[PDB]
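Visitor: Residues 32 to 418, 430 to 458, 474 to 503, 517 to 792, 797 to 933, 938 to 1132, 1142 to 1220 (full-length UniProt numbering) are what the first sequence spells out, left to right.
Here a beta-carbon is modelled for each residue, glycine too, at the ideal position from N, C-alpha and C.
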Amino acid sequence: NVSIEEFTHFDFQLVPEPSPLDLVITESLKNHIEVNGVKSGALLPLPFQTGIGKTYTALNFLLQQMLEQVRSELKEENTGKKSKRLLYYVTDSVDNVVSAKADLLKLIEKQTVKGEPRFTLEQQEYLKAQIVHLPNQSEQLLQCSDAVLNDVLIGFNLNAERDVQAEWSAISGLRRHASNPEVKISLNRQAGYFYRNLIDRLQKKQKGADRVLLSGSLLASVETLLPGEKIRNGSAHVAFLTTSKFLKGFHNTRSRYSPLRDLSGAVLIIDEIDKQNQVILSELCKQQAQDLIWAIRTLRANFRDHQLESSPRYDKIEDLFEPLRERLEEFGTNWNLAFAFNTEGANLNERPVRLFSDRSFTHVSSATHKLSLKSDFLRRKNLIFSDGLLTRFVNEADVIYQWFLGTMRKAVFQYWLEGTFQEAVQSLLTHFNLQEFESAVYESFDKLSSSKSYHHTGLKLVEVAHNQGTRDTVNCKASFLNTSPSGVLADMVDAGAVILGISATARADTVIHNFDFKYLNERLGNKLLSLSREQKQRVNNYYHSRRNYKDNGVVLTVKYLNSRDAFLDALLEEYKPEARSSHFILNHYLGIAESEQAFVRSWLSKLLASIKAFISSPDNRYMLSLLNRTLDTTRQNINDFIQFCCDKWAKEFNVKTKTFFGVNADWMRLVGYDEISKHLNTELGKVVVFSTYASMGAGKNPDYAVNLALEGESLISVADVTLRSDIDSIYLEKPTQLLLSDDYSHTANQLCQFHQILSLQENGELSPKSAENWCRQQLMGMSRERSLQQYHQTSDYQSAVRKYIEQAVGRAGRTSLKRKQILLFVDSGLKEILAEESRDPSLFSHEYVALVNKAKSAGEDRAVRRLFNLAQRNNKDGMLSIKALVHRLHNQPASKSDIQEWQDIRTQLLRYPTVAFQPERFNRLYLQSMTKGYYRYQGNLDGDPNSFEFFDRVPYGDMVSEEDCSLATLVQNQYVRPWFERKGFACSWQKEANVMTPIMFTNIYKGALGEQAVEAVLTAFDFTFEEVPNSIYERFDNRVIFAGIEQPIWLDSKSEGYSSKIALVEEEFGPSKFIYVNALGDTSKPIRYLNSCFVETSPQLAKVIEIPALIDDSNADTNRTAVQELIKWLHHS
DNA sequence: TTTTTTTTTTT
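1. By how many angstroms is the C-alpha of residue 409 removed from the C-alpha of residue 170?
2. Would you kindly work out how many angstroms separate the C-alpha atoms of residue 968 and residue 552, rounded to a whole number?
3. Whole alpha helix (DSSP H) runs in the segment 1067–1092 with 4 or more residues, listed along the chain?
4. Please return the same chain residues whose Cβ sits closer than 6 Å to the Cβ of residue 697, not counting the five positions on each side in sequence.
5. What's the C-alpha gap between residue 740 and residue 560?
6. Name the one or two DSSP bridge partners that residue 834 has.
7. How is the beta strand (DSSP E) around residue 571 delimited, first residue to last?
8. If we ignore side chains and look at the alpha-carbon of each, how far apart do residue 898 and residue 266 end up?
9. Exposed or buried, which one is residue 839 when buried takes at least 16 other CB atoms within 10 Å?
10. In angstroms with no decimal places, state the Cα-to-Cα distance between residue 526 and residue 441.
11. Just confirm the distance between the C-beta atoms of residue 255 and residue 175, as a whole number of angstroms; I'd bet it's less than 8 Å.
12. Quick check: what's the CA-CA separation for residue 460 versus residue 117?
13. I need the straight-line Cα distance from residue 900 to residue 759, nearest angstrom please.
14. Enumerate in chain order the residues of its own chain whose CB-to-CB distance from residue 432 is below 7 Å, with the five nearest sequence positions on each side excluded.
15. Do residue 1033 and residue 957 have their C-beta atoms within less than 8 Å of each other?
16. Which whole runs of the beta strand (DSSP E) in the segment 949–1034 are 3 residues long or more, in chain order?
17. Between the segment 161–168 and the segment 180–195, are three or more C-beta pairs nearer than 8 Å?
18. Rounded to the nearest angstrom, what separates residue 426 and residue 96 at their Cα positions?
19. Sort 654, 728, 675 by Cα distance to residue 685 and report the nearest one.
20. Do the segment 32–50 and the segment 576–585 make contact, defined as three or more Cβ pairs closer than 8 Å?
21. Tell me which residues share the same chain as residue 816 and place their Cβ nearer than 6 Å to its Cβ, disregarding the 5 neighbours each side in the sequence.
22. To the nearest angstrom, report how far apart residue 612 and residue 141 are at their CA atoms.
23. Look up residue 763 in the DSSP assignment and say whether it is helix, strand or coil.
24. Who pairs with residue 1116 in a beta bridge, going by DSSP?
25. According to DSSP, simplified to helix, strand and coil, what is residue 1198?
26. Look at the Cβ atom of residue 862, then the Cβ atom of residue 952, and state whether they are nearer than 8 Å.
27. On the three-state DSSP scale, how would you describe residue 321?
28. How many whole angstroms separate the CB atoms of residue 1012 and residue 1073, which I take to be in contact at a CB cut-off of 8 Å?
29. How should residue 1207 be labelled, buried or exposed, when 16 other C-beta atoms within 10 angstroms of its C-beta is the threshold for buried?
30. Within the segment 285–364, note down every full beta strand (DSSP E) run reaching 3 residues or more, in order along the chain.
31. At which residue ranges does the segment 596–630 contain complete alpha helix (DSSP H) runs of 4 or more residues, listed in the order of the chain?
32. Across the segment 360–372 and the segment 923–932, are there enough close Cβ pairs to call them in contact, namely three or more that are closer than 8 Å?
33. In angstroms, rounded to a whole number, what distance separates the CA positions of residue 834 and residue 865?
34. Using the Cβ count rule (16 or more neighbours within 10 Å means buried), how would you classify residue 912?
35. Check residue 216 in the structure and name its three-state DSSP category.
36. If you measure between the beta carbons of residue 1105 and residue 1117, is that distance less than 8 Å?
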């Protein structure tokens, strides 16, 4: 049993000669400390090519962090404030996790410095005990010996519980042979369930006072059965687990530990970082849907009178719930939640109603009519009938439900960091009689005045259908995405985790196959690290040193292959000489229907051309064909034709060619890939392998062991400082199914499909018009071929294509022994896409540089297109948000938050009409214009927000500029200017890129300017202004009180609607004197006196005075006559 | 119109 004292004389300053990659990581994490501070989290994308020491670099970094923990615990043992810093290595696949853990242990055992072993054997045994691996519960159980499990059963005294013994004995007997695959499946399921039950029980006995003292052999048994217990005990602090397991958490003897809730100080290495976007998304898609009607009715019913203890452990918690209770009661009153809900009229059973919302501005309903919601009081029910109100009810219910979950999170934190979590949740839920929401709270744990983004608002999909078993009651089954994977990653960085994301394509410019790095840059700022120009040059030099193709005479040959229908026809005729025609051959022997013949001829021609060019090559021996489909038994007819062509060219060129059709993932499971390696090692001749992009994923190592007898003189080492070799010829078909679509069960709601459309709209890849059309077509059912057609129009699609190609040649370049000639055969459809690659080539692989250079040899701005789309989106969001805010203000009473939002928006626009940088907390009041300080547009501000256009696409259109609001005239007034300078309002528009959107300029900025000018002039003339109260807010601008007059005065600053207004005001406040005034205009225009009906009358009988101009537009001079005559009219009261 | 194969974990 080793101990920490083994490193007492260990030299922590002796480290191996660091590679430039290690130096780059160390330097970048050093500047992180300087710029962001010690406690700050970070994200460091590392575009390292795999096969040039990526795994060694990551694991060596992991080993260094293990040493610094030992060093700290030696030097600071007397401090007592022990902080066992957690290190994680996560990746998507189980095989890569296990392989990396094995490689770390091997690195510990066999690392040397200066020719001497790095660690003594006791030191090695100490480090290897700090490392833990956390598989799924089934495999965790099946790893354990019967001795260990019997020990933990006896020590916790479950060895007397009949069900436990029966289940364990059944599992052991099943495990006794377990050779058959279905036996393995059954054993897996049984082991998972039994492990769940056993941990549930032992957590029970450890929770109560009957604490079993773990020590020695029993302690080791538990630590083997529960590897997470070592982390809780402080005995281990390095974990190897998958992304799915990381998101779900792992058990110890107390409870389940969620790494996401305790990310402060953690260092997290994520292999294939961009792949984890899709994995995290798949985990977020799997949440359980919830009926909103039932949820809101339960919340309203239980919060009506149930209350908590009023003890010191519940301080300030009821105050967290007080707003939610008020909202629940008002909601239940407005929508009459005493009654249940049902549909009326149109056959709901014929087709259910589906509603989609992004919670901000993209709303789509499957019903062709606008469904409304009526509370019948005779038939006491709420009826959903087709004449909207149903979407309003659903949106409000969703808001209240999410509010309840967020308030529960806040109450859990107020109650307290993670051992207290379960107790807090159970105490709060049991005090309120809300135990039915326990699972929802457990899963859920992980506005114009704010930063708005899809990535932290997500989406909602609501399905309205009849309840199960009833034909007269309807439920609202809602499934949510509360955040995108980018939001989760940014949350981890903000929680304090240092994330080291390693992938050759870590910064691919796609939001479908990678995180949104525009959003991550906005949200993390400079906590999103980036290796610099000099660092990238050093890494490029290091990669060149290890892959010196040019000095060693290795030649990369790239050929783009078009379709070869004539040559394919010749081969087809030779394959079946007695058949009449080639199309007949395809239709009959190959099985290609006439509809698919044009495509199958298109792709089989290029593949066979590549194979012929490979076999005709003299000394190449290893060809990998990467297609989109597996050539297996389901395509056996096509294989035979390919096999015939291979045999023909083998006879013609006198080289035997072994073909490996259908190397599937399950094939590589049952029949290992080393069969190809063994054949290349022992048999003379060429090899052709037929795989797919999805089959040859990360971690599949395709190199083979070199046998110098068979290789000839073709191989040559390219490394400067030095036997295996790799692929020498590759065929790259154009990747096809590039929208994420998992076929299995949890994707039945198509939530992952709306996520992609909303991500593309967020990025600026789609206009809001296209995004909303695509969302509508998705809701009403959509062919994958049509969704894929929609996706193909983006530039995100092309970035994803290049990402797929860049990894294919990266995974096949894993050794330093190369042929004198490497053949790259590319589908011609990739030539246009690869020609458009324009990023910095410093970290590209040599094969990818060759592909791009060949594509460019035969030869639209994306940021501009993004600017147009984002201008439209920022306008549309402001357009819909203002209408909702105005609607809520006009629904009296107006809540405090709505008034605060209105004033905050107006104040922000007044102080900052333009901003130099992209704002954080008011980002969607503005748009980034192509011309600084001004822009043009064209669209109906009262009409459709999708039908807006913008910069030079509309050269003759309405201008948004400082001139068009006459701000310069406004400030030249002698009274307005001191008011503006004291209030901090802008006297002029800065020439900046971000200018306010057309909706803000027309509907808010101009009105705020007018109101501020009026209040500026009148305040200098003994007028006192009071706040309009919430009963009739936004009907009139200001309460006015003048010295010597006690009749209440009402102000409007810019006829039957106005009649409704003046009646509504005088109903509450009695007769009052009203002012209608425009701040700017012609002072020579006569002043009007109107009655309650806006009819001209005598000044003494008039109730409303209309001043056509308060300040002269010609020279900013105050209309003194108007003010004096208004004062005289006030004195006539 | 475009034209598929892969995966983890708890339940």
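Guide: In terms of the structure at hand:
1. 60 Å
2. 29 Å
3. none
4. 762, 807
5. 40 Å
6. Answer by DSSP bridge pairing: none, since residue 834 is not bridged.
7. 568–572
8. 51 Å
9. buried
10. 14 Å
11. 6 Å
12. Gap note for the chain: numbering proceeds from 458 to 474 with nothing in between, so residue 460 has no coordinates.
13. 16 Å
14. 402, 403, 404, 415
15. no
16. 1004–1006, 1013–1015
17. no
18. In this structure residue 426 is absent; the chain steps straight from 418 to 430.
19. 728
20. no
21. none
22. 24 Å
23. coil
24. 1129
25. strand
26. no
27. strand
28. 7 Å
29. exposed
30. 298–302
31. 603–616
32. no
33. 9 Å
34. exposed
35. helix
36. yes
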